[PDB]
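Only one chain comes next, encoded as structure tokens, the form deposited in one PDB entry.
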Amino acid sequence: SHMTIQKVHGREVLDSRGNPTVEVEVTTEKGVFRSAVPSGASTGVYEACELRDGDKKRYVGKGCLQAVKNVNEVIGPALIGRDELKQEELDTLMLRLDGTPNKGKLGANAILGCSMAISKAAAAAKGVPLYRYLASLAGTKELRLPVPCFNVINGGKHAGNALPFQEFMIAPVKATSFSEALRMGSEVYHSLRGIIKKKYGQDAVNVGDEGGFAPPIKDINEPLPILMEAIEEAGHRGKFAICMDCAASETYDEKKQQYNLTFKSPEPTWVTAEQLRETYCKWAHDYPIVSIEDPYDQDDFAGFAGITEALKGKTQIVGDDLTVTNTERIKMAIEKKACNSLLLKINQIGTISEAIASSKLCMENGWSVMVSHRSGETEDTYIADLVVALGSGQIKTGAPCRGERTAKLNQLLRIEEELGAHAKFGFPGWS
């Protein structure tokens, strides 16, 4: 009938690293609703299946023709004529079409694009913006613009440097609006570039996958003074906090049960989890570090729990690979008091309904939720709407550099403008 889904079409497009990913368009009488799927590099072993073709003759095996075929030939034909308003029903249909816990049959990258585009078609059907529609789905009482955590010095897996830990971020927590937050973040970012150029030279100011600088730094402590210097120089002393994403699993050796802090270097530097805790306690004390994500390997619940307790009320501990936006893993984390913040990645789980369920479970258990991009992004801006819709007050979506990051930041500007001067900003705990 007239208001239902008319067409569903997937296509392979490129992500911000030039790798294929999936985009889906759901067409209704209200228009064409397009959603693209991001792709991680430091993907947790428990993430929902990202289905790649493995054809060495295309994109050296990273094609998404099969996931796209799954959208075009399996999921889409199922959705035609369906009521896009029925988000849970359609997500559940898609889960059942796949029939596997990890979305390994159809691919989470086939499913998620559908889930996303359905929600956008549904928002259009309701005649509200996506963030309003998602807030209704989530039962969110109060929308808010999030404080952005800007990953401004890039390290880890496939950043061009020795730096083993992945993200050194700045967050304008004392900004009083998103507009002001974004400008401050950009201003610090610009100061930071001059600071890095002066200290490490010209060659040090090219950018990593998420638009942070990729200076030739090996030691994980070295970026922090630089961050404080840039904050100061930009004129924003006292306005900012620091967030870390260690992505510690990427450095972890399971057999040795130790972390290699020079895993991108010829010689290894094996450090224990107890040595890491010392480092994190020192970090939290020496700097305004309000968030540490994946400080330990993804199955080290005990390490996570120890640092969560140690930095309780000072520094939230964010599960990313630990939790993989998955209520099963989240329940394990709650049971162990392993962390108190969810990094919410729609493509870690693969449907909007499930991502929303994860956010609600975390918040009911008193965690914060930081909606997140992946290191492989697109021009898609869904997470801008999603973070506002969840009212979580926290987003990480890149340095204020590179279009696949600024697209989200800009969308947040647009949402902020729509919500007007009484719209809440930031994370109350950090304000």
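Residue numbers here begin at 1 and follow the sequence given. What we label the rigid core is the largest C-alpha set whose atoms superpose within 1.5 Å from one form to the other.
Asker: Return whichever of 104-112 and 234-242 has the greater mean Cα B factor according to the PDB record.
Answerer: Per the PDB entry, the higher value belongs to 234-242.
Asker: Would you mind comparing 334-342 and 274-282 for me and telling me which has the higher average C-alpha temperature factor in the entry?
Answerer: Stretch with the higher mean C-alpha B-factor: 274-282.
Asker: By the entry's C-alpha temperature factors, tell me which of 144, 199, 86, 190 sits highest.
Answerer: The C-alpha B-factor peaks, among 144, 199, 86, 190, at 199.
Asker: So among 99, 77, 306, 208, who wins on Cα B-factor in the entry?
Answerer: Going by the entry's C-alpha B-factors, 306 comes out highest.
Asker: For residue 323, return the chain-relative third of its C-alpha B-factor as stated in the PDB record: lowest, middle or highest.
Answerer: It falls in the middle third of the chain.
Asker: Report the third (lowest, middle or highest) to which the CA temperature factor of residue 348 belongs, ranking only the modelled residues of the same chain.
Answerer: For residue 348, whose C-alpha B-factor we compare with every modelled residue in the chain, the answer is the lowest third.
Asker: Please rank the C-alpha B-factors of the chain's modelled residues and tell me whether residue 56 sits in the lowest, middle or highest third.
Answerer: For residue 56, whose C-alpha B-factor we compare with every modelled residue in the chain, the answer is the highest third.
Asker: Which third, lowest, middle or highest, does the CA B-factor of residue 375 fall in along this chain?
Answerer: Its C-alpha B-factor, which the entry lists for residue 375, ranks in the lowest third among residues of this chain.
Asker: Lowest, middle or highest third: where is residue 260 by C-alpha B factor in its chain?
Answerer: Top third by C-alpha B-factor.
Beyond what is shown, the protein has a form deposited in another entry; the following relates to that form.
Asker: Listing 217, 90, 195, 289 as candidates, which single one shows a C-alpha movement of 2 Å or greater between the shown form and the other one when the core is held fixed?
Answerer: Once the cores are aligned, the residue moving by 2 Å or more is 217.
Asker: Residue 314: with the rigid core matched between the shown form and the other one, does its Cα shift 2 Å or more?
Answerer: False for residue 314: its C-alpha shift is below 2 Å.
Asker: Inspect the rigid-core superposition and answer whether the C-alpha of residue 138 shifts by 2 angstroms or more between the shown form and the other one.
Answerer: Shift at residue 138: below 2 Å after core fit.
Asker: Determine, after fitting the two forms on their core, whether residue 330 shows a C-alpha shift of 2 Å or more between the shown form and the other one.
Answerer: After core superposition, the C-alpha of residue 330 moves less than 2 Å between the shown form and the other one.
Asker: Compare the CA separation of residue 242 and residue 158 in the other form with the one in the displayed structure, and answer closer or farther (the difference is at least 3 Å).
Answerer: Closer, not farther.
Asker: Having a change of 3 Å or more in the C-alpha distance between residue 289 and residue 158, I'd like to know whether it is closer or farther in the other form than in the form here.
Answerer: Residues converge in the other form, at least 3 Å closer.
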